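Peer 1: Pasting a structure here, questions to come.
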Amino acid sequence: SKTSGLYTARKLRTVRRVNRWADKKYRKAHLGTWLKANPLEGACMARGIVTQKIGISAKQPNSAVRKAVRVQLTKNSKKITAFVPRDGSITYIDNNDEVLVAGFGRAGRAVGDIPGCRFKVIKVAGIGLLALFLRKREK
Amino acid sequence: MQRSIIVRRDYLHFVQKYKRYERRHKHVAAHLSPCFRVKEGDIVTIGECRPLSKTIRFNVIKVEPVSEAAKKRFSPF
Amino acid sequence: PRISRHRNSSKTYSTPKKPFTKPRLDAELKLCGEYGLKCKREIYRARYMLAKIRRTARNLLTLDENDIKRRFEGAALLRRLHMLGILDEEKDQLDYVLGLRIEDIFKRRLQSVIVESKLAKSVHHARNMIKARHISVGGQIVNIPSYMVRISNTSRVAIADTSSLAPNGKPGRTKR
Amino acid sequence: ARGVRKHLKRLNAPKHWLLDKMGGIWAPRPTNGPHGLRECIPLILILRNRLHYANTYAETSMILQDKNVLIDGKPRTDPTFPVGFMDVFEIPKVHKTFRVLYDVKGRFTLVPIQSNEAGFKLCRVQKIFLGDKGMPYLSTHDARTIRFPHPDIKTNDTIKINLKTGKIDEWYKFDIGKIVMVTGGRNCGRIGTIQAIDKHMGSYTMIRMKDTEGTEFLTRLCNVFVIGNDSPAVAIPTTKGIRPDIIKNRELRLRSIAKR
Amino acid sequence: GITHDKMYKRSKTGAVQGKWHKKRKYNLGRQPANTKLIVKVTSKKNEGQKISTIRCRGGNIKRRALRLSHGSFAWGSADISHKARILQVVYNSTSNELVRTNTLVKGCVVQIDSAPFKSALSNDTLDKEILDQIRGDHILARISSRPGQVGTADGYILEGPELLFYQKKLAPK
RNA sequence: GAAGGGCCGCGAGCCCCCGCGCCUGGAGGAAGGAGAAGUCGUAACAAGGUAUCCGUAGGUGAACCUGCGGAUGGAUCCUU
RNA sequence: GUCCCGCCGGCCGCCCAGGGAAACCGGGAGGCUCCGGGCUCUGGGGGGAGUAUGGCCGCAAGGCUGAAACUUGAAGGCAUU
RNA sequence: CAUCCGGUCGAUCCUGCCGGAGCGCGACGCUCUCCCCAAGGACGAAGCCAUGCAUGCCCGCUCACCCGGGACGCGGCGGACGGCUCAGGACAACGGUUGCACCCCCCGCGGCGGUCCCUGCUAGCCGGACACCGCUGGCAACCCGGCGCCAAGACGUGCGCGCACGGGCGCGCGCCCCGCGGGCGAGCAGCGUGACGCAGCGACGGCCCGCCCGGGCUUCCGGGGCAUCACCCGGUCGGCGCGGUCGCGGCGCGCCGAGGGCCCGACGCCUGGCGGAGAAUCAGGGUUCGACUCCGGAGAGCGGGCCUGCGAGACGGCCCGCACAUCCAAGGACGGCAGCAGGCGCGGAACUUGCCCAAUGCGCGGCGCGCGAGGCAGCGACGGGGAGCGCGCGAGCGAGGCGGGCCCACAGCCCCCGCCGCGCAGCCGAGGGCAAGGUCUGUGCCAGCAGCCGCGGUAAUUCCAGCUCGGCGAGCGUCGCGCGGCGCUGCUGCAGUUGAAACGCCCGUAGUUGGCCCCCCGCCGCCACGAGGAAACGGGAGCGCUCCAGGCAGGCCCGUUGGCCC
RNA sequence: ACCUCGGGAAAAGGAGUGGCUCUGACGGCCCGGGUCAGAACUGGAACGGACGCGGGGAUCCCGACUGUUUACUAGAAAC
């Protein structure tokens with residue numbers, strides 16, 4: 001291929017513009033359909049009040065009951081299911097507590113054995129969840 | 001048009017990323033004086049003038065005739 | 001808007017491409033003991049300075065010899081390097097500028113200069129002495145170990161008469 | 001939008017003015033008068049920067065309010081009064097008088113003059129126009145307007161103003177060979193004889209002039225101000241617009257810094 | 001709010017052009033002046049010719065005429081000029097609806113009283129056709145001044161091919 | 001010459017039908033993806049016990065079967 | 001003598017070089033990481049899905065164009081045992 | 001200023017993505033010994049705002065119980081600058097390049113200066129008259145009524161040089177063309193002459209006239225995404241005649257034609273669209289962002305409409321609708337923080353109801369006043385920069401603490417001195433990728449960890465803890481995104497037999513691409529070098545801010561510098 | 001909307017309309033037509049001023065349709 005001629009710049013510019021869309025990466029980054037789909041709605045973190053709590057069976061092969069709180073974001077009233085990091089840290093979370101939830105880490109993809117869960121709890125009731133696990137602060 | 005011509009002027013625009021160029025054409029309205037008689041394809045030396053109408057800011061200053069059929073031929077003179 | 005908003009600022013250091021590499025870590029630790037370097041950030045600032053210089057010479061050298069550019073800037077770069085003592089004053093060629101290493105820049109650091117002058121026992125002792133404001137770069141007290149001495153200023157460096165030695169004789173431990 | 005702008009930002013101000021970037025968030029707003037902002041320099045800047053006679057703007061106003069300085073022989077109290085080429089800045093109380101000319105690097109320069117030189121200032125006629133019943137008028141670069149000029153004087157022909165009677169003294173017409181000093185652009189600050197004038201009918205007459213270094217500079221008629229015929233006429237700066245090059249100026253800078 | 005900017009108008013292609021600004025007092029246009037004539041002096045004498053004055057950008061004032069009566073009219077090939085009252089307006093290129101109202105506009109062909117121009121008829125053989133018009137008390141003249149932009153209506157007595165053309169159009173009425 | 005009126009311009013607001021973009025309620029259908037262990041067969045991969053597969057048309061609990069024309073990516077580079 | 005030897009245009013087999021991840025191509029899939037003769041078309045991990053919806057075309061069957069939300073750490077090629 | 005490395009398998013080579021490795025720049029967590037520089041309610045709320053504050057100065061004209069204070073008003077000048085934000089707007093703004101023979105302009109500067117009359121002139125200098133003010137009042141508040149005296153560089157009137165002269169009008173060169181000038185590349189000015197008109201200054205002789213600075217438009221070239229947007233427009237496109245404007249123009253209106261735009265993407269639509277100078281990342285090529293410091297644009301809740309002025313379609317002006325407030329004695333009154341602080345809402349996210357014009361500018365004044373422009377402090381791990389937590393085996397420092405200088409609108413900080421003097425580390429990891437136990441506990445596919453490979457089901461190199469160790473460092477970790485990696489967007493520089501991918505075939509226009517040939521000229525690109533126009537920024541000359549991020553410095557000095565490139 | 005692309009459709013949903021006074025268009029060779037535009041101006045806020053002269057939309061079931069039918073109780077989905 002590679003049409004090359006001294007006066008063929010327009011054909012090449014059009015091909016790059018049309019072809020660049022094919023990659024999932026350009027589309028997810030620029031089509032912006034994802035922005036509307038994103039519960040986080042283009043934010044690193046979102047503040048939501050816990051509406052439900054549950055245990056999600058870990059994807060086989062790994063087996064455990066991962067502890068999560070279903071939270072509706074205050075910003076868009078959009079449901080999110082968020083993993084609670086650390087050991088036995090769901091005890092820190094209480095229903096209706098209000099949490100700040102940040103991305104799990106794969107830019108909108110479920111991470112690890114947890115199935116179809118893209119978010120994690122970083123703060124509970126104004127106190128960092130890691131700090132609660134590390135005993136830096138109490139309740 | 002009535003005592004007016006839409007002069008087409010050709011030109012090249014260079015893109016640096018692909019060192020190739022893009023032939024770009026523009027249309028400009030010009031007043032044709034009755035003293036001159038032009039057929040489509042002729043070369044006309046338009047000279048800038050007072051905004052004479054909505055689209056006419058140029059006025060033919062000289063005409064050199066061309067043949068009936070010699071091909072469209074991109075010319076950026 | 002304010003005047004402060006107009007002021008420039010710069011990152012003078014280059015962090016590594018891979019930060020857990022075995023060769024880089026070994027050389028860094030060897031350099032750290034050698035020059036009494038506080039953190040790898042001080043070593044990074046040294047690499048940056050050498051890379052700027054190496055690129056500047058590189059560009060002038062790709063330009064043909066006797067091209068106005070090398071005459072105006074190549075002479076300036078060599079002058080500056082010879083005057084800071086990084087470059088030997090006999091070499092005096094742009095091609096030689098490329099063959100410099102960060103260690104040589106670190107050599108002109110006052111803490112290394114004090115140790116070769118012997119005004120202190122060790123590179124550790126040189127850092128502590130310069131911190132205590134004991135060192136003078138020549139009619140000027142210097143508190144910063146980082147100070148890179150100019151080749152001419154090396155002879156002028158001496159322990160300032162006002163200090164631990166040749167002085168009141170009573171500061172710190174002596175007072176009590 | 002709306003009306004005129006009465007404020008100037010420091011980085012917007014012309015580069016030749018050499019004002020400090022961190023010195024202020026505002027610059028003097030030059031007023032209208034005989035020179036325009038691009039081709040002027042405020043009176044406060046000459047007194048505060050080069051002369052250093054007044055420590056602050058306030059001191060410059062106090063001196064000006066007392067009519068300490070007289071430009072063109074007239075005491076002017078404008079801190080922002082525009083000052084440009086051939087303007088005679090004479091401060092009598094300090095006992096020192098100089099002309100304001102152009103340095104080779106393009107910054108305005110104070111060049112000392114004798115009492116005869118102080119009396120007159122050169123001018124350039126932009127064009128001769130008919131107004132007010134048909135009387136001809138000539139408009140100098142310093143915007144000085146002279147009714148009924150002698151017929152021979154033409155556009156772009158340097159003339160000399162008495163400045164005591166404020167009349168035309170003599171005319172050095174613009175022609176091939178006559179010595180000129182560039183006033184604007186890359187060659188600003190350079191005195192050279194005219195090798196040739198290219199007519200370029202339609203727009204931009206472009207003139208080529210060459211100094212005694214064998215180097216020809218090509219500059220359009222707008223910033224070419226005649227300074228005497230083959231003779232340089234009015235006293236010219238010590239560099240004499242000889243075009244020192246970057247490498248040569250590098251050596252000169254190093255000699256100056258050799259001194260401590 | 002009458003404005004002469006092209007922001008509210010379409011492009012060459014006929015594309016709608018988005019408005020990026022609000023009205024500007026630099027782009028405003030004032031309402032048109034209908035410069036009527038004091039034709040029916042019987043009941044119009046109660047209003048002497050009135051010329052208004054409107055301040056413009058720059059503070060320069062444009063005198064604008066509301067009602068007019070007489071202006072300088074000149075027979076060029078005779079060099080006879082007199083101030084003549086305008087009897088009636090006939091034949092306008094823009095619209096003949098204006099002619100009915102008598103509103104004066106630059107380029108309207110008017111009729112003027114020949115009594116000021118009487119001396120020229122006695123002067124021997126001035127032209128030919130224009131003399132007949134002087135013999136009859138009505139002379140055709142084009143208003144050559146813009147009423148409402150200077151507040152005056154001066155003009156020229158029609159002569160040459162122009163006079164014939166205007167007369168030919170006005171022949172049946 | 002003040003209110004006031006007439007008349008046109010310039011022009012908010014308001015209602016009226018009309019398009020448009022977007023958001024979503026929903027008996028009933030109807031996909032897809034995972035749950036884990038179900039249920040019924042066994043279509044394909046070994047000639048997978050009828051070689052597969054492509055188009056197209058008909059049938060069938062379900063994979064699928066069948067007609068007709070292909071292909072070999074076949075199980076054949078091999079026969080007056 | 002439908003002999004011998006060519007030439008030109010085809011239809012083929014085998015291959016030296018070269019190439020390729022190989023299987024193999026070699027009249028190219030060579031002359032290409034030492035990369036640029038010209039010109040059109042298409043592709044950009046696997047599903048979702050050639051589905052939804054919009055357009056057009058068809059008597060229909062359908063054709064042509066053509067997603068996204070979402071899911072997932074593999075799918076694939078050619079060879080070896 | 002050129003790099004990779006784990007994961008498809010019994011193994012292996014590929015393609016291919018997945019995940020790591022670097023830098024940003026915002027959030028979030030944990031923590032913080034000093035000093036310097038420095039961002040800070042932009043991020044789909046251009047949502048709403050309580051309070052205080054951001055615009056005055058003058059002394060022209062003083063019959064206000066100090067004085068010649070300079071109340072108050074009247075006048076004058078500025079309030080149109082500046083600050084603030086990014087909603088609007090996609091052949092637009094904007095950037096470079098032209099033009100105005102199509103224009104408008106205050107100040108300033110330098111010029112120029114004459115103003116018909118008849119009357120009515122008083123010219124040794126003319127009238128009246130309004131506040132302020134005094135009294136008499138009405139107001140819930142807002143707010144103003146009436147009466148009487150009195151002034152201006154205010155007002156009204158007018159002395160005035162028929163080459164007196166504002167506007168507009170009529171006329172006044174040609175002979176194929178182009179070759180002096182008042183002045184052009186250009187028939188452009190100016191004026192001569194007649195008719196009109198009698199406009200401006202003329203009551204402490206300014207109208208006018210240039211130049212400037214600003215504006216208005218104008219040429220050219222650049223100026224998003226989408227084809228599930230292919231036809232689009234109908235004052236649309238031209239011509240004429242007017243009006244209107246500062247002017248030009250469909251700008252508007254008549255009149256007449258049928259144009260105009262479009263695969264070199266028109267028109268539509270959408271934009272969580274201000275644009276540039278620039279910024280992030282960076283072998284070369286590139287990609288993404290540009291609210292924000294400078295410049296231009298646009299808007300002050302939303303639409304409109306105006307007045308004043310030389311310039312505003314002005315909102316710290318007015319008027320109206322429209323939502324949204326406050327007061328109220330119920331009749332009315334009245335706003336507009338996308339100015340500064342500060343408050344609420346919202347969001348992941350963002351500072352003091354400080355202090356002051358001393359600078360730097362600006363407005364106004366001649367003997368300085370105003371300014372939330374700006375400067376000064378507080379807040380502040382946005383970040384950038386520099387020194388610490390010892391060295392030595394005995395001597396020291398600075399972190400502090402206190403005075404005195406220095407500094408400052410006043411403090412303070414810095415720095416300098418005396419006198420005391422008390423060093424103080426986190427955050428993530430150790431199976432790999434990836435640097436650092438195959439330790440010792442608990443636990444038993446649970447609880448957890450793990451970006452990815454995976455780990456745990458009794459001997460967990462992986463969890464939870466002590467233990468050591470490793471990285472980085474007053475910082476370190478996490479998240480979202482940009483860029484790099486990714487020659488996985490490819491112009492350099494990808495791939496299409498079988499991994500994803502040659503239209504089933506032929507014709508075919510637009511588009512793109514074309515063998516060899518003439519030397520010596522004309523246009524086009526083309527290359528070089530100019531000129532012209534913004535600095536900041538980025539380079540880059542010089543200069544020891546004690547080093548450094550910095551800044552334009554400095555020192556008896558090229559007319560000390562502050563070059564130059566872009 | 002829908003459609004057998006013919007229809008739906010006069011869809012729906014609006015605005016105008018009188019009298020007077022004019023001004024354009026249009027032929028033949030100064031002579032005819034009286035229709036179509038465009039104005040002013042006027043009237044208790046009126047004009048197809050009598051008369052003539054569809055209400056409209058959304059569906060569902062039958063019968064494709066125009067036709068024909070029990071003179072004199074069914075005009076239909078029946079024929």
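Going through the structure tokens in order, the chains are called A, B, and so on, while each chain numbers its residues from 1 and the ligands are numbered from 1 in the order shown.
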Using only C-alpha atoms (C1' of nucleotides) and a distance of at most 12 Å, pull out the residues of chain G that contact chain A, as a PyMOL selection string.
Peer 2: chain G and resi 36-45+67-73
Peer 1: I need the residues of stretch 82-245 of chain D that end up classed as alpha helix (DSSP H) by DSSP on the backbone, written out as a list in words.
Peer 2: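 Across stretch 82-245 of chain D, those assigned alpha helix (DSSP H) are residues 115, 116, 117, 118 and 119 of chain D.
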Peer 1: Take the residues from that selection and put them in a file with N, CA and C atoms, as a PDB file, in the first residue's frame.
Peer 2:
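Output saved as out_11.pdb:
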```pdb
ATOM      1  N   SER D 115      27.417  73.028  22.600  1.00  0.00           N
ATOM      2  CA  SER D 115      26.280  73.981  22.639  1.00  0.00           C
ATOM      3  C   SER D 115      25.774  74.255  21.223  1.00  0.00           C
ATOM      4  N   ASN D 116      26.657  74.351  20.225  1.00  0.00           N
ATOM      5  CA  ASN D 116      26.094  74.559  18.870  1.00  0.00           C
ATOM      6  C   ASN D 116      25.216  73.357  18.514  1.00  0.00           C
ATOM      7  N   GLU D 117      25.689  72.129  18.767  1.00  0.00           N
ATOM      8  CA  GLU D 117      24.932  70.921  18.344  1.00  0.00           C
ATOM      9  C   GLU D 117      23.615  70.885  19.111  1.00  0.00           C
ATOM     10  N   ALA D 118      23.648  71.309  20.367  1.00  0.00           N
ATOM     11  CA  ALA D 118      22.429  71.272  21.198  1.00  0.00           C
ATOM     12  C   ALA D 118      21.359  72.131  20.531  1.00  0.00           C
ATOM     13  N   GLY D 119      21.755  73.241  19.905  1.00  0.00           N
ATOM     14  CA  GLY D 119      20.743  74.163  19.359  1.00  0.00           C
ATOM     15  C   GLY D 119      19.830  73.532  18.326  1.00  0.00           C
TER      16      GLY D 119
END
```
Peer 1: With a distance threshold of 12 Å and counting only C-alpha atoms (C1' of nucleotides), extract the residues of chain H near chain B and express them as a ChimeraX atom specification.
Peer 2: /H:91,98-102,217-222,235-240,247-251,256-262,264,285-287,490-492,510-512,522-525
Peer 1: Just the selected residues (C-alpha atoms (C1' of nucleotides)), exported as a PDB file, in the first residue's frame, please.
Peer 2:
```pdb
ATOM      1  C1'   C H  91     -15.180  29.387   6.399  1.00  0.00           C
ATOM      2  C1'   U H  98      -2.446  43.388   3.169  1.00  0.00           C
ATOM      3  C1'   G H  99      -5.705  47.503   2.464  1.00  0.00           C
ATOM      4  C1'   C H 100      -8.838  51.823   3.720  1.00  0.00           C
ATOM      5  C1'   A H 101      -8.334  55.794  -3.746  1.00  0.00           C
ATOM      6  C1'   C H 102     -14.397  53.271   1.911  1.00  0.00           C
ATOM      7  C1'   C H 217     -14.027  46.970   8.696  1.00  0.00           C
ATOM      8  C1'   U H 218     -10.824  44.700   4.428  1.00  0.00           C
ATOM      9  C1'   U H 219      -7.049  41.125   1.183  1.00  0.00           C
ATOM     10  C1'   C H 220      -4.416  36.544   1.370  1.00  0.00           C
ATOM     11  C1'   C H 221      -2.949  31.878   3.803  1.00  0.00           C
ATOM     12  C1'   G H 222      -3.746  28.753   7.991  1.00  0.00           C
ATOM     13  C1'   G H 235     -31.327  38.050   0.797  1.00  0.00           C
ATOM     14  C1'   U H 236     -29.303  32.672  -0.732  1.00  0.00           C
ATOM     15  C1'   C H 237     -25.755  34.673  -5.403  1.00  0.00           C
ATOM     16  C1'   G H 238     -25.143  38.699  -8.780  1.00  0.00           C
ATOM     17  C1'   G H 239     -26.666  43.622 -11.266  1.00  0.00           C
ATOM     18  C1'   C H 240     -29.179  48.447 -10.639  1.00  0.00           C
ATOM     19  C1'   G H 247     -17.819  54.580   6.422  1.00  0.00           C
ATOM     20  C1'   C H 248     -17.742  50.158   2.733  1.00  0.00           C
ATOM     21  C1'   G H 249     -20.805  46.576   1.631  1.00  0.00           C
ATOM     22  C1'   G H 250     -27.738  42.871   0.723  1.00  0.00           C
ATOM     23  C1'   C H 251     -26.339  45.887   5.649  1.00  0.00           C
ATOM     24  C1'   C H 256     -34.177  42.936 -12.241  1.00  0.00           C
ATOM     25  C1'   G H 257     -31.921  38.474 -13.363  1.00  0.00           C
ATOM     26  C1'   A H 258     -30.457  33.039 -11.470  1.00  0.00           C
ATOM     27  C1'   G H 259     -27.167  32.438  -9.403  1.00  0.00           C
ATOM     28  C1'   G H 260     -23.952  30.843  -5.103  1.00  0.00           C
ATOM     29  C1'   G H 261     -21.613  26.460  -2.247  1.00  0.00           C
ATOM     30  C1'   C H 262     -20.053  21.137  -2.699  1.00  0.00           C
ATOM     31  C1'   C H 264      -9.940  19.376  -2.680  1.00  0.00           C
ATOM     32  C1'   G H 285       9.814  11.876  12.832  1.00  0.00           C
ATOM     33  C1'   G H 286       5.647  12.394  16.553  1.00  0.00           C
ATOM     34  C1'   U H 287       1.493  12.676  20.049  1.00  0.00           C
ATOM     35  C1'   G H 490       3.518   2.965  10.653  1.00  0.00           C
ATOM     36  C1'   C H 491       5.585  10.027   6.262  1.00  0.00           C
ATOM     37  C1'   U H 492       9.975   8.098   8.060  1.00  0.00           C
ATOM     38  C1'   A H 510     -13.320  12.624  -9.667  1.00  0.00           C
ATOM     39  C1'   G H 511      -8.692  11.874  -7.240  1.00  0.00           C
ATOM     40  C1'   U H 512      -3.632  10.442  -7.471  1.00  0.00           C
ATOM     41  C1'   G H 522       8.846  33.177 -18.837  1.00  0.00           C
ATOM     42  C1'   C H 523       5.650  31.519 -15.111  1.00  0.00           C
ATOM     43  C1'   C H 524       4.851  27.511 -10.747  1.00  0.00           C
ATOM     44  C1'   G H 525       6.571  25.004  -6.800  1.00  0.00           C
TER      45        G H 525
END
```
Peer 1: Once DSSP has gone over the backbone, tell me which residues of chain B are in strand (DSSP E or B), as JSON, numbers by chain.
Peer 2: {"B": [4, 5, 6, 7, 8, 9, 10, 11, 12, 13, 14, 21, 22, 23, 24, 25, 26, 27, 28, 29, 30, 31, 43, 44, 45, 46, 47, 48, 56, 57, 58, 59, 60, 61, 62, 63, 64]}
Peer 1: Would you mind exporting N, CA and C atoms of the selected residues as a compact mmCIF listing (two decimals), in the first residue's frame?
Peer 2:
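part-v2.txt written:
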```txt
# COMPACT_ATOMS: atom_id res chain seq x y z
N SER B 4 -20.15 39.51 -13.58
CA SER B 4 -19.28 39.02 -12.49
C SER B 4 -18.76 37.63 -12.86
N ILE B 5 -17.59 37.24 -12.33
CA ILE B 5 -17.05 35.87 -12.59
C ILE B 5 -16.61 35.28 -11.25
N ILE B 6 -16.67 33.96 -11.08
CA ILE B 6 -16.14 33.36 -9.82
C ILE B 6 -14.78 32.81 -10.22
N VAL B 7 -13.72 33.59 -10.00
CA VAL B 7 -12.34 33.17 -10.36
C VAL B 7 -11.94 32.01 -9.45
N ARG B 8 -11.47 30.91 -10.03
CA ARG B 8 -10.96 29.82 -9.16
C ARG B 8 -9.44 29.93 -9.16
N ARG B 9 -8.83 30.01 -7.98
CA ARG B 9 -7.36 30.09 -7.88
C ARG B 9 -6.85 28.83 -7.19
N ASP B 10 -5.91 28.12 -7.81
CA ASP B 10 -5.36 26.88 -7.22
C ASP B 10 -4.13 27.21 -6.38
N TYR B 11 -3.72 26.32 -5.47
CA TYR B 11 -2.53 26.55 -4.59
C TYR B 11 -2.17 25.26 -3.86
N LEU B 12 -0.93 25.14 -3.39
CA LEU B 12 -0.51 23.92 -2.65
C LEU B 12 -0.39 24.23 -1.15
N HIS B 13 -0.80 23.30 -0.28
CA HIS B 13 -0.63 23.46 1.18
C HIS B 13 0.26 22.30 1.62
N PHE B 14 1.37 22.59 2.30
CA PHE B 14 2.34 21.54 2.68
C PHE B 14 2.03 21.02 4.08
N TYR B 21 2.35 17.24 -0.22
CA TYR B 21 1.52 18.46 -0.17
C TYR B 21 0.08 18.11 -0.50
N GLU B 22 -0.82 19.08 -0.35
CA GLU B 22 -2.26 18.87 -0.66
C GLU B 22 -2.65 20.00 -1.61
N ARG B 23 -3.07 19.68 -2.83
CA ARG B 23 -3.49 20.74 -3.77
C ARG B 23 -4.81 21.29 -3.25
N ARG B 24 -4.85 22.58 -2.93
CA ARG B 24 -6.08 23.19 -2.36
C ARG B 24 -6.58 24.28 -3.31
N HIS B 25 -7.89 24.35 -3.54
CA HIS B 25 -8.47 25.34 -4.48
C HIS B 25 -9.42 26.25 -3.71
N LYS B 26 -9.50 27.51 -4.13
CA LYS B 26 -10.46 28.43 -3.48
C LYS B 26 -11.24 29.12 -4.59
N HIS B 27 -12.46 29.58 -4.30
CA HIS B 27 -13.25 30.33 -5.30
C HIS B 27 -13.36 31.77 -4.82
N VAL B 28 -13.07 32.75 -5.68
CA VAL B 28 -13.25 34.18 -5.29
C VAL B 28 -14.11 34.87 -6.35
N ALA B 29 -15.13 35.62 -5.93
CA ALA B 29 -15.96 36.38 -6.89
C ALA B 29 -15.20 37.61 -7.36
N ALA B 30 -15.34 37.94 -8.64
CA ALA B 30 -14.65 39.11 -9.21
C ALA B 30 -15.61 39.86 -10.13
N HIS B 31 -15.48 41.18 -10.24
CA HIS B 31 -16.34 41.91 -11.20
C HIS B 31 -15.75 41.79 -12.60
N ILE B 43 -7.36 32.82 -18.17
CA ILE B 43 -6.63 33.33 -16.98
C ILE B 43 -6.97 34.79 -16.82
N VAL B 44 -7.39 35.17 -15.62
CA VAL B 44 -7.78 36.58 -15.35
C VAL B 44 -6.91 37.11 -14.20
N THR B 45 -6.36 38.30 -14.37
CA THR B 45 -5.51 38.93 -13.33
C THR B 45 -6.47 39.77 -12.50
N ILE B 46 -7.06 39.20 -11.45
CA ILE B 46 -7.90 40.02 -10.54
C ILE B 46 -7.08 40.99 -9.69
N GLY B 47 -7.56 42.23 -9.52
CA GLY B 47 -6.88 43.24 -8.69
C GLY B 47 -7.79 43.64 -7.55
N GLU B 48 -7.27 43.72 -6.33
CA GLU B 48 -8.16 43.98 -5.16
C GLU B 48 -8.84 45.33 -5.29
N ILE B 56 -17.93 40.21 -3.51
CA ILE B 56 -16.98 40.75 -4.54
C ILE B 56 -16.05 41.77 -3.90
N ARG B 57 -14.77 41.43 -3.71
CA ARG B 57 -13.77 42.41 -3.22
C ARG B 57 -12.63 42.47 -4.23
N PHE B 58 -12.80 41.86 -5.41
CA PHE B 58 -11.73 41.83 -6.44
C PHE B 58 -12.33 42.18 -7.80
N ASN B 59 -11.54 42.76 -8.69
CA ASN B 59 -12.06 43.20 -10.00
C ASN B 59 -11.05 42.86 -11.09
N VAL B 60 -11.50 42.22 -12.17
CA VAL B 60 -10.58 41.76 -13.24
C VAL B 60 -9.80 42.96 -13.77
N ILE B 61 -8.48 42.83 -13.86
CA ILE B 61 -7.62 43.93 -14.36
C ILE B 61 -7.09 43.57 -15.76
N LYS B 62 -7.04 42.28 -16.11
CA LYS B 62 -6.61 41.88 -17.47
C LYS B 62 -7.02 40.44 -17.75
N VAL B 63 -7.27 40.10 -19.01
CA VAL B 63 -7.65 38.70 -19.38
C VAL B 63 -6.72 38.19 -20.47
N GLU B 64 -6.31 36.93 -20.40
CA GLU B 64 -5.56 36.32 -21.51
C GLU B 64 -6.39 35.10 -21.93
```
Peer 1: If we count only C-alpha atoms (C1' of nucleotides), what is near residue C:7 at a cut-off of 10 Å, once residues fewer than 5 positions away on the same chain are taken out, given as a ChimeraX atom specification?
Peer 2: /C:2 /D:21-22 /H:37-38,293,550-551
Peer 1: How would the residues just chosen look if you wrote them out with C-alpha atoms (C1' of nucleotides) as a PDB file, in the first residue's frame?
Peer 2:
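Below you can see out.pdb, which holds the result:
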```
ATOM      1  CA  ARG C   2       1.643  39.008  40.113  1.00  0.00           C
TER       2      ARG C   2
ATOM      3  CA  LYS D  21      10.735  41.185  34.009  1.00  0.00           C
ATOM      4  CA  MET D  22      10.436  40.957  37.823  1.00  0.00           C
TER       5      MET D  22
ATOM      6  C1'   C H  37      11.324  29.833  45.316  1.00  0.00           C
ATOM      7  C1'   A H  38       6.394  29.051  44.209  1.00  0.00           C
ATOM      8  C1'   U H 293       0.904  34.843  33.595  1.00  0.00           C
ATOM      9  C1'   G H 550      17.120  31.905  40.274  1.00  0.00           C
ATOM     10  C1'   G H 551      17.727  36.865  38.274  1.00  0.00           C
TER      11        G H 551
END
```
Peer 1: Near residue E:48, counting only C-alpha atoms (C1' of nucleotides), which residues have an atom at most 8 Å away, once you skip same-chain residues fewer than 3 positions from it, shown as a PyMOL selection string?
Peer 2: chain E and resi 38+44-45+67
Peer 1: Write the residues you've just listed into a file as a PDB file, in the first residue's frame, and include C-alpha atoms for each of them.
Peer 2:
```
ATOM      1  CA  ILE E  38     -44.130  71.284   1.779  1.00  0.00           C
ATOM      2  CA  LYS E  44     -48.458  72.721   5.255  1.00  0.00           C
ATOM      3  CA  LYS E  45     -47.479  76.408   5.769  1.00  0.00           C
ATOM      4  CA  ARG E  67     -39.652  68.602   5.530  1.00  0.00           C
TER       5      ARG E  67
END
```
